[PDB]
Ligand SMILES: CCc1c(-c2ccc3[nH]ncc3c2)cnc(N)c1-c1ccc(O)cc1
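Let's start with one chain on its own, the form solved without this ligand, as structure tokens.
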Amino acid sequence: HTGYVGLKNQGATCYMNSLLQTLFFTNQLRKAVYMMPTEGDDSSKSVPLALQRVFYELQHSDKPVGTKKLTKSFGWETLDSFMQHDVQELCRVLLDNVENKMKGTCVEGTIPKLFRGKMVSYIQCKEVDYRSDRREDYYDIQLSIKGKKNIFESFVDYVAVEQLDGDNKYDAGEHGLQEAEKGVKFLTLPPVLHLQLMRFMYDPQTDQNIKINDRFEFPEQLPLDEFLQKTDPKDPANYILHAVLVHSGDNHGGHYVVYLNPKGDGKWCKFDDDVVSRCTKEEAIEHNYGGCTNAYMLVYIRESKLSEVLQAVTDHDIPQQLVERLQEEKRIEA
């Protein structure tokens, strides 16, 4: 009654069902995942093949979709495995294996094209003229929310310059200890932007976590051109909200649900494991600010690359050798 099918809750997988729906509706990722040459892989341990089955089943099955063979493929069959990892770690586990499988084939370099961005982090001396530039990549950004009112205020805190004065002077080597300024600047933003909000904190005093249920606002449209170093016209960093991963509860109780507008048209649905239901745009955006139910991860897509990232995926996009192998497997289950 929604056009989309859900995922089974086969124990305690937490954020995994929410993450699989996010990656499955990254249509450029989905079509590229179908392209992987996996005819000769082992179904017991091949997670690229395992991800294809889940994607094919999410596209065709009328019944809730199973993930048992997928969890077994990357070694997280223990029910504690998902509680002992963050949502970004799981995504890196999936993306690393599909990108390594894409090496040497026609869909090589997909993962860097969608999710990779370029970041610089510097240290600039105040007295002497020494600067240590450091260029590195990212596939996801961790934002601080405690004290910060909205996504605007978390991005300014991410780039804010830190003063390395006092007994915290920077070791400039030959220049000796020097007062300095450390900071981070963004060079490029990826077409599909993964943003994890730090809604949880372990203090060492008491041996337990603590959830930030403070109110944190995020927009449907996020212009990030201000935070880009060397902004270019004709391609602003204007992003559109696609997914909002939601955790409700406290330090002990917790449920992981995701809201998504599939086609990018602002028509939202709630994906509660096996129950998919239409929902208002306010329930997916403004009801998840907090102040308890609130969001912990956000997925944005560049408006310029919006059309090709969310391109329609038809049955012809799935290779027939893959198709015949999955429909093979389906016949042996029965």
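Rigid core here is just the name for the largest C-alpha set that superposes within 1.5 Å across the two forms. Note that residue numbering begins at 1 and tracks the sequence as displayed.
Omitted from view is the form deposited with this ligand bound, to which the following refers.
Fill in: Contacting member of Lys72, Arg215, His175, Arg92, with respect to this ligand in the deposited bound form [4.5 Å, heavy atom]
Partner contact (heavy atom, 4.5 Å) among the options: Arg92.
Worksheet item: Out of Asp225, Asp165, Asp235, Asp96, which one falls within 4.5 Å of this ligand in the deposited bound form, going by heavy atoms?
Response: For this set of options, the contacting one is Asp96.
Worksheet item: Honest question, do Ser18, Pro219 and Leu260 all end up within 4.5 Å of this ligand in the deposited bound form by heavy atom distance?
Response: No, because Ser18, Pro219 and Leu260 lack any heavy atom that approaches this ligand to within 4.5 Å in the deposited bound form.
Discussion item. Which is the contacting stretch out of 127 to 135, 105 to 113, 236 to 244, 260 to 268, given heavy atoms within 4.5 Å of this ligand in the deposited bound form?
Written reply: Heavy-atom contact with the partner occurs in 105 to 113.
Fill in: Any non-hydrogen atom of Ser154 within 4.5 angstroms of this ligand in the deposited bound form
Looking in the deposited bound form, residue contacts with this ligand do not include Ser154, since no heavy atom lies within 4.5 Å.
Worksheet item: Does at least one non-hydrogen atom of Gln196 fall within 4.5 angstroms of this ligand in the deposited bound form?
Response: Yes.
Worksheet item: Is the gap between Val33 and this ligand in the deposited bound form 4.5 Å or less for some heavy atom pair?
Response: Looking in the deposited bound form, residue contacts with this ligand do not include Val33, since no heavy atom lies within 4.5 Å.
Discussion item. Quick check on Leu51: any heavy atom within 4.5 Å of this ligand in the deposited bound form?
Written reply: No, no contact at 4.5 Å.
Item to complete: Might you check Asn238, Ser144, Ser121, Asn168 and identify the only one whose CA position changes by 2 Å or more between this form and the one not shown on rigid-core superposition?
Response: With the rigid core superposed, the residue that stands out is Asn168.
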